[PDB]
Every structure is written in C-alpha cells, then in structure tokens.
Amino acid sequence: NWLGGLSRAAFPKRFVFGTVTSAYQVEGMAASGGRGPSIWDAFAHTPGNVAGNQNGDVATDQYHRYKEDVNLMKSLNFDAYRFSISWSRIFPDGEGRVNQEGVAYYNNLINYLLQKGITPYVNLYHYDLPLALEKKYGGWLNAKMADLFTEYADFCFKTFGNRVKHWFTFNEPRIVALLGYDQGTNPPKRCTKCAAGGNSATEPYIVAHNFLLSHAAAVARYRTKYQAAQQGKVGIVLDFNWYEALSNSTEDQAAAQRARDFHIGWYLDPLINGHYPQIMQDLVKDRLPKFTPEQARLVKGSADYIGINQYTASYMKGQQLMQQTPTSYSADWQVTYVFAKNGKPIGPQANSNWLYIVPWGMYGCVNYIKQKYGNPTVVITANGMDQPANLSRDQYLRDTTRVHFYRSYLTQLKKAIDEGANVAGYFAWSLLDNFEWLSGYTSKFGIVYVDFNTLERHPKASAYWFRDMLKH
C-alpha cells in the first residue's frame, strides 16, 4: 500500500509531524512592511549570484497569504510548523529601533497557527543576517555577535515566548561556515581567493566558534530570565549527512569517522561534551579556537534538543594522514568522497547535484547520534528532495519520486526509533516550493506546488500522502 504500513500508530505517542520553511525563502515583502535588508538581499540583487538573477523580493508571498498556508497545513493533518523570524524584519538595522509592523506580522502568524491547533517551532536565524550588522561589525567573524544575537533573542523571548514554547537559535551554522567562508559561494562570499577577502583555512573555524558562543549566550539569557515564567525550550538546528566507509579497512573506517567529526561533531561535541572533537583538535590545531573553561561550561548542555537536517549520504575513502600546509576547512578532513561502491551508485540524484537519495542514511545518522552522544533528544528538522525547473504543473503534482522518498526515509527513521533513538519529531522540507538560495526558483522542494507566475498553491501527491499518513 502506498503508505507502506506507515501511520501515526507507527511512531511514538505524541510524536510531532510538521513542515518547514524559512523567512527569506517564503515570506516575500523583502523591502516592505518596514523590513531592513539582509546579507541575502544584497547578494541576490547582484547580477550573476543567483540562478536567473532571481531573488526573494516576492518569493511565495507568504507574508500576505499565511492564513491560506496555515489552513493548508492543517488540512494536511500536520501538528506543527517550523518557520523562522527575519532578524531585519524585527530590527531593520539588527539593533536599536524595533519595526512594529514586523512584530505584528509574527504575532499574527503565531496567533493564527495556535487558533488552528498548529504548534509553532520558531527559528531565530536562517542565513539572513541584517546587512547593517555585516557592514558595521563584520558579522559572524566578530565575537560581539554573541551580545548582538542575545539582545535580538531576548526581544523575541519577551515578545512571543508567552505563546512560543519551542525555539531554535540557528539553522545549519556548518553551511554558513562552509559556503560563506570556505568556498565563498554564499554571502559574504569570503575565501582565500575571493574578491571580498578571506581565508578558507581560518575563517570557517572563527565563524563556527562564534555561532556556538552566540547560541550559548542566548540560551543562558532564556534560562536565567524567561524560562521560569514561559517554560519553553531552545535548541539548535544542525545539518548532518551520512558518511559510510567505502570498505571495512582501517583507513576507510577512519575516514568515515573523521568526516562525521568534521561535519556534525564540530557542533555536537561542544554542545554535548563541552569540547571540539579530538581529531579536529589534532589536525586543525592553532587554527581551531579554544573555549575557556567558563565558555565550555556555558556551551555544554545548552541545547534542550538537537535539530537535525538530514538529506543524503556519501561513501568515504581514506588515506594515510599527512602533515599538510593548511588550505581549507574542507581539505582539513583528509578524505575522498566516493559515490559508488562495487560499481553501483549509492543512489539516484534528485535535482540538486549534492542530494543522493539514500534512505538508509537517515538510519545511519540517527543511530550514530544515539550511540555516540548518549541518545539526546533529536528532532528531524528538515528532510526532503527537489524537482527541476520547467516542468508542467501536472508534472510537479505527480511527484511520485518524492512520495517514494518520504515513505523510504520515514521507514528508516521508524527503524532507528524502534531500536531506541530519542527522536521527538519530524519536519518535511518544504511545505512550499520556494526560493532555493543559489538555485533561485529552479529547485522545487515543496510538497505543495507554487506557480511562481500566479502564486497559486496546489498540493502535490506527496502532500496527499502526508494527509493520509497523518490522519488522526
């Protein structure tokens, strides 16, 4: 049967199912409603940065249509909605003056969600640093971001925390470090060879450190000032794609483990154990910032749950570890990616070249966190796949590959949960086809189709699949 034995009865009691978007990717009204620009506004408005020079100015226009979108998600039997607040929509300059019209938008959204019985899971940050903060402070290169982010977070707790009980600080700081400061393909486009300046060997580590210190400072503020009255929780969202050793050799097993440590351990070892992974300390050395004992104690235990964005998996091949001139965070791992074993591809690709459809990667990731980190509370905060551009409406709606994607990946998650992993919920990326960063509107991740000419929403087969799977 097309559900493949899945239903709410197949998951733990009170397991949360939702969908996810992010502010810049769906809201629109990017330069209206009093919103100040983010680094993504400047980046997307520069010719050649985004596919077809597209941008998020209008996006899906959720800003005007949110009640339609909330009605839709309720009709699809979801319990929760993960969305983000645009920092520059609240503080156009990232600090100082509050944009009251911005505040009102999020009040209206949160209240309508609650009126419809959908639980808000709110991200404070999703790639969208206020441009004014980038210019004035140097953004995530500056340790002062902890203070600035904490004040922003403080306002959000005060203003929305009587209603919002599930918070996340950041979304995938590894991708910010990697794409913004290693490869220099996302804003602020920094890297060793980059026009804007940078150093791919040092800056990604500075940036990650500052994300961890900022997260810890925001959570400390929540716990000391708001928690007693509000009784909510604050986590963080981390990307984790699976790495499988290409063979059972010592070298290949070591490579796969290195990759895990540089990918997820980079953030999880500080959050769980109060230090960076040993292998990163050994290889990256004086390029890896040191937490003081006080900072390490602030960072350790500072996430009430771990959000994991899980999409894909790779084989890893190893080598003897070399002494090497440092060139980048990516090269520091000393691994070789491989996408076939025994002459067979790890899986077929979706539209995005990096996204190999590998359902057992979900089991791999969830099992690994369970076994390595003392089984912390995990929420799958994003999982999904994309269709390409230029299909007809009907072709988008008959998304049988995505139906197969969710059934297979959710079966693998169920497998990990039945073996004892503490997973509290699951969120599909995305509710809507949206602005997919560098791919612009050429990548369609939604379970709901969006006609980007008319802005009309049309549920795809995968939306109906969720509706049937999730019926109460």
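One rule holds for the numbers: they count along the sequence shown, beginning at 1.
Colleague: On mean C-alpha B-factor from the PDB entry, just flag whether 194-202 or 99-107 is the higher one.
Modeller: Of 99-107 and 194-202, the stretch with the higher C-alpha B-factor average is 194-202.
Colleague: Test of understanding: from the entry's C-alpha B-factors, which stretch has the higher mean, 122-130 or 323-331?
Modeller: The stretch with the larger average C-alpha B-factor is 323-331.
Colleague: Highest CA temperature factor in the entry: which of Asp261, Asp386, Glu251, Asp239?
Modeller: Comparing C-alpha B-factors across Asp261, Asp386, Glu251, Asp239, the top value belongs to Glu251.
Colleague: Among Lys300, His209, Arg402, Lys225, which carries the highest Cα B-factor?
Modeller: Within the set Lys300, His209, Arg402, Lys225, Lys225 shows the top C-alpha B-factor.
Colleague: Would the CA B-factor of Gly18 place it in the lowest, middle or highest third of its chain?
Modeller: Lowest third, going by the recorded CA B-factors of the chain.
Colleague: Where does the C-alpha B-factor of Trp87 rank in its chain, lowest, middle or highest third?
Modeller: Ranked within chain, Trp87 CA B lands in the lowest tercile.
Colleague: Going by the CA temperature factor in the PDB record, which third of the chain does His275 belong to: lowest, middle or highest?
Modeller: Ranked within chain, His275 CA B lands in the middle tercile.
Colleague: Splitting the chain's C-alpha B-factors into thirds, which one does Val58 fall into?
Modeller: Within its chain, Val58 is a lowest-third residue by C-alpha B-factor, going by the deposited values.
Colleague: What third of the chain, by the recorded C-alpha B-factor, contains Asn422?
Modeller: Its C-alpha B-factor belongs to the highest third of this chain's values.
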